[PDB]
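Working notes, beginning with the structure itself.
Here the Cβ is made from the backbone with ideal geometry for all residues, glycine too, and neighbour counts use every protein chain on show. Just so it is clear, none of the values below were taken in a lab; they were calculated from the coordinates.
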Amino acid sequence: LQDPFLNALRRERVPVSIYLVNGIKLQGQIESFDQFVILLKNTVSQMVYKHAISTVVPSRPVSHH
Amino acid sequence: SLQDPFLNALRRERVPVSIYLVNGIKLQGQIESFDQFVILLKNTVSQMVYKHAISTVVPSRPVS
Amino acid sequence: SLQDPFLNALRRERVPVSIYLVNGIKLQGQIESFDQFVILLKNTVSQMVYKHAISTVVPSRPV
Amino acid sequence: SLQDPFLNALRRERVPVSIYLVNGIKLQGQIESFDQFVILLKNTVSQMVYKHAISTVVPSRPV
Amino acid sequence: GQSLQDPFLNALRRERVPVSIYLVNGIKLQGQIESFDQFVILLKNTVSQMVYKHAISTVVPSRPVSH
Amino acid sequence: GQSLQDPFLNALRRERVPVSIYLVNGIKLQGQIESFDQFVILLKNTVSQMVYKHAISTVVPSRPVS
């Protein structure tokens with residue numbers, strides 16, 4: 001589920017909200033991702049460790065997961 | 001496994017659930033789908049929840 | 001393997017327990033079943049608790 | 001080659017200890033037994049503590 | 001090469017880009033990435049400190065870094 | 001060096017440098033690194049306390065260590 005879900009968000013360049021395990025909310029678009037991290041873009045590309053992520057919430061409906 | 005049949009029952013019966021995160025935050029919705037690492041929870045949009053950030057999955061009502 | 005016999009004892013005897021999560025929050029009920037990754041705790045409904053989010057399992061009385 | 005000899009000495013000598021959890025909570029008692037994943041701590045009852053939720057084990061005296 | 005993580009931290013290290021590393025607690029560390037392995041990142045400032053990746057939420061470059 | 005963690009901790013233990021170990025909850029521990037293995041670090045002060053690496057966020061030497 002994970003690969004198809006993130007790939008879709010990446011392909012459609014959908015604005016997303018990534019919430020961390022501390023409650024903090026990051027926003028931007030998914031540039032790329034691998035087994036352990038997600039590169040999130042906004043002013044700069046920041047590397048987010050999936051282990052610190054709780055949820056990835058599309059800013060709008062995204063068909064075909 | 002106990003996890004799969006529990007989540008599969010909830011998904012199949014479209015039982016509204018509360019998913020508590022390890023930080024105490026509570027998410028609500030219906031389980032759309034899930035794999036070994038995540039659960040897609042539906043409400044306005046489908047959000048992807050990482051199981052490693054989940055503490056407990058509480059059905060809103062008994063599930064056979 | 002201490003886990004299995006410890007949880008089995010609690011389940012078998014239907015001893016009320018307190019499961020403290022890693023955020024400090026306490027859950028209570030009886031252990032219905034469990035596997036390598038989760039424990040099904042019962043009270044009003046059966047709720048699925050991920051062991052990775054559990055800090056300690058405390059029985060309400062000696063077992 | 002450290003964790004086990006450290007835990008065994010504590011259990012063997014029944015040294016009172018404080019186990020700090022990652023949430024800040026401090027548990028106290030004597031280590032009854034342990035395996036690769038949990039530690040059984042005794043006080044009023046035996047509670048099962050998950051090592052993944054433990055931050056530090058502080059003996060109450062030099063061991 | 002095989003991950004996004006290696007090339008990304010290598011770029012930062014190589015370019016000696018000042019960075020901010022946010023921990024799961026919320027503390028914000030800063031400095032330059034001296035080195036890193038499978039499990040930790042050495043961050044330099046007054047001293048080299050060792051940060052466990054499992055405690056890291058994000059690594060944010062202070063400026064755009066290409067490639 | 002395939003591992004960075006091992007030589008870093010070893011230098012600290014060898015030189016007996018006072019360090020600060022910050023835990024994931026924000027709490028800070030201090031003392032000297034007596035020993036360590038794959039999963040824990042033995043920190044000394046009044047007593048030897050066993051710290052699980054998975055609970056550690058950062059190890060900060062109190063001074064430069066060559």
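For this structure, a couple of remarks:
- In terms of surrounding Cβ atoms within a 10 Å radius of their Cβ, A:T43, F:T58 rank from fewest to most as A:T43, F:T58.
- Per-residue ellipticity at 222 nm from helix content only, as computed over chain D with -39500 (n - 2.57) for each DSSP H run of at least four residues, stands at -4500 deg cm²/dmol.
- Only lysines eight or more places from A:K25 in sequence, or on another chain, were considered; those with a Cα closer than 22 Å are A:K41, A:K50, B:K26, B:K42, B:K51, E:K28, E:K53.
- Here's the list of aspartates and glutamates a cross-link from D:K51 could span, going by alpha-carbon distance under 14 Å and ignoring same-chain residues fewer than 8 apart: D:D4, D:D35.
- Projecting the Cα positions of D:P59, D:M48, D:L7 onto the charge dipole of chain D (unit charges on Cβ atoms of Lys, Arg, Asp and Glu, taken about the Cα centre) puts D:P59 furthest along the positive direction.
- Volume per residue for chain A equals 77 cubic angstrom (convex hull of Cα atoms).
- Distance from chain B to the stretch A:1-34 (C-alpha centre basis), Å: 19
- Computed from the Cα positions only, the extents of the protein assembly as shown along the three principal axes stand at 62, 61, 27 Å, in decreasing order.
- Surface/4 of the Cα convex hull for chain D, nm²: 4.0
- Here the label points at B:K26 and A:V44, each 7 Å from Cα along the C-beta direction, are separated by 3.9 nm in the simple model.
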